[PDB]
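Here's the structure we're looking at; comments come further down.
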Amino acid sequence: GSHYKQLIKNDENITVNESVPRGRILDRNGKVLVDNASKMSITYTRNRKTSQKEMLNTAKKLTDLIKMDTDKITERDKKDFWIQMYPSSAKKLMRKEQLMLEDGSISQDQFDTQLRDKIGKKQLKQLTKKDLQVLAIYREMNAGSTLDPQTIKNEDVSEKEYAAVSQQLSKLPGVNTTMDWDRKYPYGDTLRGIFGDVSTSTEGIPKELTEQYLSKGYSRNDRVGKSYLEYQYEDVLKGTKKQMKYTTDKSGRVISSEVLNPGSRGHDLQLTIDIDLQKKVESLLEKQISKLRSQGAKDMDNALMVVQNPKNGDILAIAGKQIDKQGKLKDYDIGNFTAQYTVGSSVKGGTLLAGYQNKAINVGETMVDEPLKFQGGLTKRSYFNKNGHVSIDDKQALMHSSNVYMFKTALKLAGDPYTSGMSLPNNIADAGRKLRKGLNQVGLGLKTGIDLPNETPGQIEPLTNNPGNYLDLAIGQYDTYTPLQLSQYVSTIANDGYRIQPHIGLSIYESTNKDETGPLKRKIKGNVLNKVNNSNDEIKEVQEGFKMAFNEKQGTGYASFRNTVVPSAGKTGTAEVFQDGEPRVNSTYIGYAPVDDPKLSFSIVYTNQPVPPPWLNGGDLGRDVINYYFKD
């Protein structure tokens, strides 16, 4: 599959370069996810004056070396072909018309049309199985002349057919055989969007990516990584090409050969993905989408889940689907870091940490949850307590998902603690920057740093004199976020305040030999981006609230998470949105397990569920992933 692609001259001094095979991509257990497969083609080249009777002889020689699909043969092909495949039949067909042509009373055109109008009935079926074989090669040999090469066979070129034809090129004028490599995907559709694509050789480096690939020393004939993993790890997955140099003189005789570089295959790239976990998640996600639709969520259009190991940032799984009104799924794994959503209450753990670090609230501070009244008549209240007055902890705020605790916390951060009937503070610019700085430190707002292109950090709108938006940011209902951000954030809680870069790459192998990993080259680490600016008591208080949400009778997550095979903890979020001016919610979920020494963390996002008086338990998808992963 070694195409050249360079021949550089100098001192009567050619340097030719030969391409090398691409590195594989394996999962964390070694299972091949992306491989190379060989593809052969049989090609012809049509000359200035190669006859119609010559190509009919080269084709007949070929039907003994290859088998041919007899599609593509039009009836004009069969009709035309039948004329040579019995001249004295066609001469019996045009008895009269031949004399008119000889008298010059009809032209060759008229004659031709009249003959090709003159059979299709019983005596077109005169074409044997082998005749159609030579016609299927003939039809491809007249595609569009000049030295451009038409392909005869592309798919199902067997190696037997490839060897037979290659060793007969001396008896087959214009016939040629090529060999080329394509990516092969043992697991089908799974993660194809994360894996990405290489250019198709006919493509070369794509126009949009060019100049960038040329500033590194590559050629426009080269095949290169176009998107996502193939692009990100392009220069570890590409080989070192075989570079030959020759020294020649007078008319062309080489007087010295010198192998500049023998070549090496690309390095194998091993990912953090566990493809068995990945398939199990995709299976549960599909069943959960279908169950939620059966319970009324037939406008829900996105469902995304990220599964991480919070101690090192490893992405163990990453799945997303888009859902049309009929339940049909379109794969969208990349939505976890390229798409942003209003996530609602699940951010409140970050809000509390921002409150503590600016001394706006104390660990364990109790406040009264109740409807708040602001100037002119604007009210704000917590879902669990629309009509009453309850004194609650910060960890009971997380358990209940108290809006009003976070509102009071944000006004304290704004230097304007709540009093009934107050007017909202006029300039919240400084409070807004302080609240975002707190959320940034757990991954809410900045790019997480994933080793894939196109990560978005979410839509971040100005906070100057819009205190209503500012209070909303404290409950996840202003700036938007990616599921990976949600996941980085809950992982920072799970691992005691260390915000780690998520990564899907895990290691790079100095692969030399076919189908053998070879020694380890380099590791791909989830680096620590920062530690949260909070004490150990402060982090443990959010952790305690998260455990209470999943395990106390009144936690919003009690229904889905109280019975996990190991103890789990996390936070739910619900945000009121609109679609085509109809009311909807987004539902989010974050969590980790086991509580005591977390080894797995996750985020889940559903968009445009029905507004709940019936509360759907889409968190069950998280309960099921936890239960599967800790089966043994």
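By convention in this document, the chains of the structure tokens carry letters A, B, ... by their order, each chain's residues are numbered from 1, and ligands are numbered from 1 in the order they are shown.
For stretch 171-181 of chain A, the residues within 7 Å (counting only C-alpha atoms, excluding itself and residues fewer than 5 positions away along the chain) are residues 1, 36, 37, 38, 39, 40, 41, 42, 43, 44, 45, 46, 58 and 166 of chain A.
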Residues near residue A:222, cut-off 9 Å, only C-alpha atoms, skip fewer than 5 positions along chain, as a tab-separated table (two decimals) with N, CA and C atoms, in the first residue's frame:
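Output saved as around_31.tsv:
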```tsv
chain	number	residue	atom	x	y	z
A	5	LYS	N	4.89	9.76	-3.45
A	5	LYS	CA	4.28	11.07	-3.20
A	5	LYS	C	5.30	12.19	-3.26
A	19	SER	N	5.42	6.04	1.52
A	19	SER	CA	4.52	6.15	2.66
A	19	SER	C	4.53	4.86	3.49
A	199	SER	N	-8.00	11.58	5.43
A	199	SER	CA	-8.36	11.95	4.06
A	199	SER	C	-8.21	10.75	3.13
A	201	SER	N	-6.97	9.94	0.15
A	201	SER	CA	-5.93	9.76	-0.87
A	201	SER	C	-6.22	10.52	-2.16
A	203	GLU	N	-8.28	12.65	-1.89
A	203	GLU	CA	-8.42	13.94	-1.23
A	203	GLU	C	-7.08	14.63	-1.04
A	204	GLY	N	-6.10	13.93	-0.48
A	204	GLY	CA	-4.93	14.64	-0.01
A	204	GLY	C	-5.34	15.48	1.21
A	205	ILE	N	-4.45	16.38	1.61
A	205	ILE	CA	-4.81	17.21	2.75
A	205	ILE	C	-5.96	18.12	2.35
```
- request: Identify all residues of stretch 282-516 of chain A in strand (DSSP E or B) (DSSP on the backbone) and supply them as a ChimeraX atom specification.
  value: /A:302-308,314-323,329-331,341,367-369,372-374,379-380,382,385,390-392,422,481,498-500,503,505-509
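Counting only C-alpha atoms, the residue from A:113, A:202, A:17, A:464 that sits nearest to residue A:244 is A:17.
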Mind checking DSSP for stretch 28-93 of chain A and telling me the helix (DSSP H, G or I) residues as an NGL selection string? :A and (52-62 or 75-84 or 87-93)
Could you save the residues just selected, with C-alpha atoms, as a compact mmCIF listing (two decimals), in the first residue's frame?
```
# COMPACT_ATOMS: atom_id res chain seq x y z
CA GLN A 52 -12.56 -0.94 -29.81
CA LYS A 53 -11.46 -4.43 -30.88
CA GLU A 54 -8.27 -4.23 -28.79
CA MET A 55 -9.98 -3.38 -25.51
CA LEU A 56 -12.38 -6.23 -26.31
CA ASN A 57 -9.36 -8.56 -26.38
CA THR A 58 -7.79 -7.23 -23.15
CA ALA A 59 -11.16 -7.63 -21.42
CA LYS A 60 -11.52 -11.24 -22.57
CA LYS A 61 -8.09 -12.00 -21.07
CA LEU A 62 -9.22 -10.40 -17.78
CA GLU A 75 -29.08 -1.94 -22.07
CA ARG A 76 -27.30 0.26 -24.61
CA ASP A 77 -24.13 -1.52 -23.41
CA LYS A 78 -25.65 -4.98 -23.99
CA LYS A 79 -27.14 -3.90 -27.33
CA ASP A 80 -23.89 -2.35 -28.58
CA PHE A 81 -21.91 -5.33 -27.28
CA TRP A 82 -24.21 -7.82 -29.02
CA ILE A 83 -23.28 -6.38 -32.44
CA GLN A 84 -19.67 -7.62 -32.34
CA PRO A 87 -21.56 -9.92 -36.92
CA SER A 88 -23.54 -12.24 -39.20
CA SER A 89 -26.54 -12.07 -36.88
CA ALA A 90 -26.53 -8.27 -37.09
CA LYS A 91 -25.87 -8.60 -40.84
CA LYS A 92 -29.03 -10.68 -41.15
CA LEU A 93 -30.91 -8.00 -39.15
```
Can you tell me which residues surround stretch 121-127 of chain A at a distance of at most 9 Å, considering only C-alpha atoms, apart from same-chain residues fewer than 2 positions away, and format the answer as a ChimeraX atom specification? /A:78-79,82,85,118-119,129-132
| task | For residue A:432, list every protein, DNA or RNA residue within 10 Å, evaluated using only C-alpha atoms, and leave out those in the same chain fewer than 5 positions away; present the list as JSON, numbers by chain. | result | {"A": [410, 413, 414, 427, 437, 438, 462, 463, 464, 465, 466, 467, 469, 470, 471, 473, 474]}
Save out the residues we just selected, C-alpha atoms, as a PDB file, in the first residue's frame.
```pdb
ATOM      1  CA  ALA A 410     -25.404  35.237  46.050  1.00  0.00           C
ATOM      2  CA  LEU A 413     -21.610  37.535  47.975  1.00  0.00           C
ATOM      3  CA  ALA A 414     -22.984  40.733  46.357  1.00  0.00           C
ATOM      4  CA  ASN A 427     -24.306  46.730  39.887  1.00  0.00           C
ATOM      5  CA  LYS A 437     -14.188  32.590  39.369  1.00  0.00           C
ATOM      6  CA  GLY A 438     -15.540  30.107  41.919  1.00  0.00           C
ATOM      7  CA  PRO A 462     -22.046  39.871  30.523  1.00  0.00           C
ATOM      8  CA  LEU A 463     -22.792  40.435  34.206  1.00  0.00           C
ATOM      9  CA  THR A 464     -22.941  44.151  34.900  1.00  0.00           C
ATOM     10  CA  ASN A 465     -26.371  45.440  35.934  1.00  0.00           C
ATOM     11  CA  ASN A 466     -28.537  42.321  35.360  1.00  0.00           C
ATOM     12  CA  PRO A 467     -28.947  41.015  38.913  1.00  0.00           C
ATOM     13  CA  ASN A 469     -29.276  36.904  35.535  1.00  0.00           C
ATOM     14  CA  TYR A 470     -26.710  36.947  38.338  1.00  0.00           C
ATOM     15  CA  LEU A 471     -29.023  35.172  40.804  1.00  0.00           C
ATOM     16  CA  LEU A 473     -26.156  31.907  37.511  1.00  0.00           C
ATOM     17  CA  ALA A 474     -26.088  30.805  41.169  1.00  0.00           C
TER      18      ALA A 474
END
```
Mind checking which residues fall within 7 Å of stretch 583-585 of chain A, counting only C-alpha atoms, ignoring those fewer than 2 positions away in the same chain, and posting them as a list in words?
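So, after excluding close chain neighbours, the residues are residues 574, 575, 576, 577, 578, 579, 581, 587, 607, 608, 609, 610 and 611 of chain A.
The nearest approach to residue A:135 among the residues A:389, A:220, A:67, A:184, with only C-alpha atoms taken into account, belongs to A:67.
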inquiry  = I'd like the neighbourhood of stretch 589-595 of chain A as a PyMOL selection string, where a residue qualifies if any of its atoms comes within 9 Å (using only C-alpha atoms), though same-chain residues fewer than 3 positions away should be ignored.
reply    = chain A and resi 309-310+343+346+486-487+489-491+493-494+543+546-547+550+557+564+566-573+598-605+618-619+622+626
Based on the selection just made, write N, CA and C atoms of those residues as a CSV table (one decimal), in the first residue's frame.
```csv
chain,number,residue,atom,x,y,z
A,309,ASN,N,-13.0,8.3,35.3
A,309,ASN,CA,-12.4,8.0,36.5
A,309,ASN,C,-11.9,9.3,37.2
A,310,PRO,N,-12.6,9.8,38.3
A,310,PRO,CA,-12.2,11.1,38.8
A,310,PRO,C,-10.8,11.2,39.4
A,343,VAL,N,-28.0,23.7,32.5
A,343,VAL,CA,-28.0,22.5,33.3
A,343,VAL,C,-28.7,22.6,34.7
A,346,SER,N,-27.7,21.4,39.1
A,346,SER,CA,-26.6,20.5,39.4
A,346,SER,C,-25.3,21.3,39.7
A,486,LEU,N,-19.7,19.4,33.3
A,486,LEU,CA,-20.4,18.9,34.5
A,486,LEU,C,-19.6,17.7,35.1
A,487,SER,N,-19.0,16.9,34.2
A,487,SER,CA,-18.3,15.7,34.6
A,487,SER,C,-16.9,16.1,35.3
A,489,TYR,N,-16.4,18.8,36.8
A,489,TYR,CA,-16.8,19.4,38.1
A,489,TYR,C,-17.1,18.4,39.2
A,490,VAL,N,-18.0,17.4,38.9
A,490,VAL,CA,-18.3,16.4,39.9
A,490,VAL,C,-17.1,15.6,40.2
A,491,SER,N,-16.2,15.4,39.2
A,491,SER,CA,-14.9,14.6,39.5
A,491,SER,C,-14.1,15.4,40.5
A,493,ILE,N,-15.2,17.4,42.9
A,493,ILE,CA,-15.8,17.1,44.2
A,493,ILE,C,-15.3,15.7,44.7
A,494,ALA,N,-15.5,14.7,43.8
A,494,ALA,CA,-15.2,13.3,44.2
A,494,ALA,C,-13.8,13.1,44.6
A,543,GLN,N,-19.5,17.4,49.6
A,543,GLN,CA,-19.6,15.9,49.5
A,543,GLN,C,-20.7,15.3,50.4
A,546,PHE,N,-24.0,16.1,48.8
A,546,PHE,CA,-24.2,15.2,47.6
A,546,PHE,C,-24.6,13.8,48.0
A,547,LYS,N,-24.0,13.3,49.1
A,547,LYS,CA,-24.4,12.0,49.6
A,547,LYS,C,-25.9,12.0,50.1
A,550,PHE,N,-28.6,11.7,47.3
A,550,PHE,CA,-28.7,10.4,46.7
A,550,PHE,C,-29.2,9.4,47.7
A,557,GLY,N,-32.4,12.7,44.5
A,557,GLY,CA,-31.9,11.6,43.8
A,557,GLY,C,-32.1,10.3,44.5
A,564,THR,N,-27.9,1.8,44.8
A,564,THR,CA,-26.8,1.4,44.0
A,564,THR,C,-25.9,0.3,44.6
A,566,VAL,N,-23.0,-0.1,45.1
A,566,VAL,CA,-22.1,0.5,46.1
A,566,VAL,C,-22.7,1.9,46.4
A,567,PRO,N,-22.3,2.5,47.5
A,567,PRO,CA,-22.9,3.8,47.9
A,567,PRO,C,-22.5,4.8,46.9
A,568,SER,N,-23.4,5.7,46.4
A,568,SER,CA,-23.1,6.7,45.5
A,568,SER,C,-23.6,8.1,46.0
A,569,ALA,N,-23.2,9.2,45.3
A,569,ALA,CA,-23.4,10.5,45.8
A,569,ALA,C,-23.4,11.4,44.5
A,570,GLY,N,-24.2,12.5,44.6
A,570,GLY,CA,-24.2,13.4,43.5
A,570,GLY,C,-25.2,14.5,43.6
A,571,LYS,N,-25.6,15.1,42.5
A,571,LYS,CA,-26.5,16.2,42.5
A,571,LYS,C,-27.4,16.1,41.2
A,572,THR,N,-28.7,16.4,41.3
A,572,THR,CA,-29.5,16.6,40.2
A,572,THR,C,-29.7,18.0,39.8
A,573,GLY,N,-30.2,18.3,38.6
A,573,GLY,CA,-30.5,19.6,38.1
A,573,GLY,C,-31.6,19.5,37.1
A,598,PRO,N,-13.8,7.3,45.6
A,598,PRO,CA,-14.5,7.3,44.3
A,598,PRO,C,-13.6,6.8,43.2
A,599,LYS,N,-14.1,5.9,42.4
A,599,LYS,CA,-13.4,5.3,41.3
A,599,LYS,C,-14.1,5.5,40.0
A,600,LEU,N,-15.3,6.0,40.0
A,600,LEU,CA,-16.1,6.3,38.8
A,600,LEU,C,-17.0,7.6,39.1
A,601,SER,N,-17.0,8.4,38.0
A,601,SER,CA,-17.9,9.6,38.1
A,601,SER,C,-18.5,9.8,36.7
A,602,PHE,N,-19.7,10.5,36.7
A,602,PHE,CA,-20.4,10.6,35.5
A,602,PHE,C,-21.2,11.9,35.5
A,603,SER,N,-21.6,12.3,34.3
A,603,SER,CA,-22.6,13.3,34.1
A,603,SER,C,-23.6,12.8,33.0
A,604,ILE,N,-24.9,13.3,33.1
A,604,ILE,CA,-25.9,12.9,32.2
A,604,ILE,C,-26.7,14.2,31.9
A,605,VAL,N,-27.1,14.4,30.6
A,605,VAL,CA,-27.9,15.5,30.2
A,605,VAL,C,-29.0,15.0,29.3
A,618,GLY,N,-34.8,9.8,34.8
A,618,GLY,CA,-33.7,9.6,33.9
A,618,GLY,C,-32.3,9.4,34.6
A,619,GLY,N,-32.2,9.8,35.8
A,619,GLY,CA,-31.1,9.3,36.6
A,619,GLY,C,-30.9,7.8,36.7
A,622,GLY,N,-27.8,6.5,35.3
A,622,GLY,CA,-26.7,6.5,36.2
A,622,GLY,C,-26.6,5.4,37.2
A,626,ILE,N,-23.5,2.6,37.2
A,626,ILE,CA,-22.9,2.3,38.5
A,626,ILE,C,-23.0,0.8,38.8
```
query = What gap, in Å, lies between atom CA of residue A:105 and atom CA of residue A:120?
reply =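 Going from atom CA of residue A:105 over to atom CA of residue A:120, I get 25.8 Å.
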Which residue out of A:498, A:116, A:332, A:370 has the minimum interatomic distance to residue A:387 when only C-alpha atoms are used?
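Using only C-alpha atoms, residue A:387 sits closest to A:370.
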re atom CA of residue A:258 and atom CA of residue A:245: distance 5.5 Å
Check: In Å, how far is it from atom CA of residue A:154 to atom CA of residue A:229?
Finding: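 Between these atoms lies a distance of 27.5 Å.
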